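Notes to accompany the following structure.
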Amino acid sequence: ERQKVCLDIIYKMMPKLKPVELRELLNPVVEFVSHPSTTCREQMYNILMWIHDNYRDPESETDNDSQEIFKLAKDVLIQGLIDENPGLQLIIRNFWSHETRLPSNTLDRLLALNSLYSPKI
C-alpha cells in the first residue's frame with residue numbers, strides 16, 4: 001500500500017517535473033517490474049505509458065534525459081509483454097498494438113517489431 005500510494009503521488013505530480021527530476025525518479029519505479037502485488041505494477045506501467053507518449057520527442061533531441069528516460073521507459077514497457085498476469089499483460093499488449101505506436105502496413109509493423117526486441121525478452 002505504501003508503494004502504491006507512492007506510485008500515485010508520482011503519477012499525479014509527473015506532468016510537472018523537468019527531465020532532470022523525472023530521470024532520478026524513473027530508477028526505483030522501473031525497479032517495479034519484478035514486483036509482486038499486480039496493482040503496484042499496474043501503476044508503474046501506467047505512469048510509464050505517459051512517460052512514453054509524452055517523451056517520444058518527435059525529432060527534437062534537445063535533451064539527453066528526454067531521450068535517455070524514453071529509452072529506459074521503452075525498455076521496461078516492452079519488458080511487460082511477458083507479464084505474469086493476464087489483463088495487465090493484455091493492457092500492455094493493447095498499449096503497444098494501438099495505432100501510432102506500432103504501424104499497420106504489416107511491412108513497417110514487421111520492421112517495427114524488431115525495435116521492441118529488448119533481449120530481456
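The way I read the labels, and the way they are meant: chains A, B, ... in the order of the C-alpha cells, residue 1 as the first residue of every chain, and ligand 1 as the first ligand shown, with later ones counted on from there.
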### Message
Could you list, as a list in words, every residue within 9 Å of range 83-92 of chain A, counting only C-alpha atoms and ignoring same-chain residues fewer than 5 positions away?
### Response
residues 33, 38, 41, 42, 45, 49, 77, 78 and 97 of chain A
Please produce a file of the residues just selected, as an mmCIF file, in the first residue's frame, where the atoms kept are N, CA, C and O atoms.
data_model
loop_
_atom_site.group_PDB
_atom_site.id
_atom_site.type_symbol
_atom_site.label_atom_id
_atom_site.label_comp_id
_atom_site.auth_asym_id
_atom_site.auth_seq_id
_atom_site.Cartn_x
_atom_site.Cartn_y
_atom_site.Cartn_z
ATOM 1 N N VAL A 33 9.406 -3.901 -11.921
ATOM 2 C CA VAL A 33 8.990 -4.906 -12.893
ATOM 3 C C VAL A 33 9.010 -6.285 -12.259
ATOM 4 O O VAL A 33 8.240 -7.171 -12.647
ATOM 5 N N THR A 38 0.293 -7.019 -8.212
ATOM 6 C CA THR A 38 -0.022 -6.556 -9.559
ATOM 7 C C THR A 38 -0.603 -5.146 -9.614
ATOM 8 O O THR A 38 -0.526 -4.496 -10.657
ATOM 9 N N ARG A 41 2.367 -2.806 -9.745
ATOM 10 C CA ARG A 41 2.967 -2.971 -11.064
ATOM 11 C C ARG A 41 2.124 -2.316 -12.145
ATOM 12 O O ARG A 41 2.670 -1.772 -13.111
ATOM 13 N N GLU A 42 0.800 -2.333 -11.993
ATOM 14 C CA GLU A 42 -0.049 -1.669 -12.971
ATOM 15 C C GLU A 42 0.079 -0.161 -12.861
ATOM 16 O O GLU A 42 0.037 0.545 -13.869
ATOM 17 N N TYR A 45 3.365 0.567 -14.736
ATOM 18 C CA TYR A 45 3.171 0.588 -16.179
ATOM 19 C C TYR A 45 2.333 1.779 -16.590
ATOM 20 O O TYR A 45 2.526 2.327 -17.679
ATOM 21 N N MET A 49 3.363 4.436 -19.483
ATOM 22 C CA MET A 49 2.724 4.818 -20.744
ATOM 23 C C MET A 49 2.730 6.330 -20.943
ATOM 24 O O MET A 49 2.938 6.809 -22.062
ATOM 25 N N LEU A 77 8.653 -1.016 -20.886
ATOM 26 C CA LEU A 77 7.299 -1.181 -21.398
ATOM 27 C C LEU A 77 7.199 -2.263 -22.457
ATOM 28 O O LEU A 77 6.091 -2.718 -22.758
ATOM 29 N N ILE A 78 8.324 -2.667 -23.044
ATOM 30 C CA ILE A 78 8.349 -3.880 -23.852
ATOM 31 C C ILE A 78 8.702 -5.104 -23.019
ATOM 32 O O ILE A 78 8.375 -6.228 -23.423
ATOM 33 N N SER A 97 -0.206 -2.346 -29.315
ATOM 34 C CA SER A 97 -0.806 -2.661 -30.604
ATOM 35 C C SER A 97 -1.727 -1.568 -31.123
ATOM 36 O O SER A 97 -2.323 -1.742 -32.191
#
### Message
When you look at range 110-114 of chain A with a cut-off of 12 Å (counting only C-alpha atoms), what residues show up, excluding the ones that are within fewer than 6 positions of it in the same chain? I need them as a PyMOL selection string.
### Response
chain A and resi 78+96-97+100-104+121
### Message
Set the distance at 12 Å and use only C-alpha atoms: which residues neighbour residue 1 in chain A once local chain neighbours fewer than 3 positions away are removed? I'd like the list as an NGL selection string.
### Response
:A and (4-8 or 36-41 or 43)
### Query
Which of range 42-116 of chain A counts as helix (DSSP H, G or I) under DSSP, as a ChimeraX atom specification please?
/A:42-53,65-78,88-97,108-116
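Compared by their closest atoms to residue 16 in chain A, and using only C-alpha atoms, the residues A:44, A:29, A:116, A:51 rank with A:51 nearest.
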## Note on the structure
Judged by only C-alpha atoms, the minimum distance to residue 34 in chain A among A:9, A:22, A:48, A:82 is found for A:82
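Nearest residue to residue 58 in chain A among A:21, A:30, A:70, A:81 is A:70, counting only C-alpha atoms.
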### Message
List the spatial neighbours of range 63-69 of chain A as a ChimeraX atom specification - criterion: any atom at most 12 Å away, only C-alpha atoms, same-chain residues fewer than 5 positions off excluded.
### Response
/A:17-27,29-30,48,50-58,74-77
Selection from above, C-alpha atoms, as a JSON list (two decimals), in the first residue's frame, can you write it?
[["chain", "number", "residue", "atom", "x", "y", "z"],
["A", 17, "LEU", "CA", 8.75, 17.59, -13.28],
["A", 18, "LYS", "CA", 11.60, 18.51, -15.56],
["A", 19, "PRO", "CA", 13.54, 15.69, -17.24],
["A", 20, "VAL", "CA", 16.36, 16.11, -14.70],
["A", 21, "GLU", "CA", 13.98, 15.13, -11.91],
["A", 22, "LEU", "CA", 12.00, 12.55, -13.87],
["A", 23, "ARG", "CA", 15.29, 10.77, -14.59],
["A", 24, "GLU", "CA", 16.18, 10.41, -10.92],
["A", 25, "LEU", "CA", 12.63, 9.27, -10.18],
["A", 26, "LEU", "CA", 12.47, 6.75, -13.04],
["A", 27, "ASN", "CA", 15.03, 4.42, -11.42],
["A", 29, "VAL", "CA", 9.81, 2.94, -10.34],
["A", 30, "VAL", "CA", 11.13, 0.76, -13.17],
["A", 48, "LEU", "CA", 5.32, 4.54, -17.99],
["A", 50, "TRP", "CA", 2.59, 8.55, -20.01],
["A", 51, "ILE", "CA", 6.40, 8.79, -19.86],
["A", 52, "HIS", "CA", 6.41, 7.03, -23.23],
["A", 53, "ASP", "CA", 3.75, 9.03, -25.06],
["A", 54, "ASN", "CA", 4.80, 12.49, -23.85],
["A", 55, "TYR", "CA", 8.54, 11.83, -24.28],
["A", 56, "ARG", "CA", 8.65, 10.32, -27.77],
["A", 57, "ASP", "CA", 10.41, 13.58, -28.72],
["A", 58, "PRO", "CA", 9.36, 13.73, -32.40],
["A", 74, "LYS", "CA", 10.59, 1.75, -23.82],
["A", 75, "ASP", "CA", 12.88, -0.91, -22.35],
["A", 76, "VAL", "CA", 10.55, -1.54, -19.41],
["A", 77, "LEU", "CA", 7.30, -1.18, -21.40]]
### Message
Given only C-alpha atoms as the basis, pick out the residue of A:98, A:12, A:93, A:71 nearest to residue 118 in chain A.
### Response
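Among the listed residues, the smallest separation from residue 118 in chain A belongs to A:71.
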### Message
Ranking A:10, A:62, A:106, A:94 by minimum distance to residue 28 in chain A and counting only C-alpha atoms, which one comes first?
### Response
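Of the candidates, the smallest distance to residue 28 in chain A is held by A:10.
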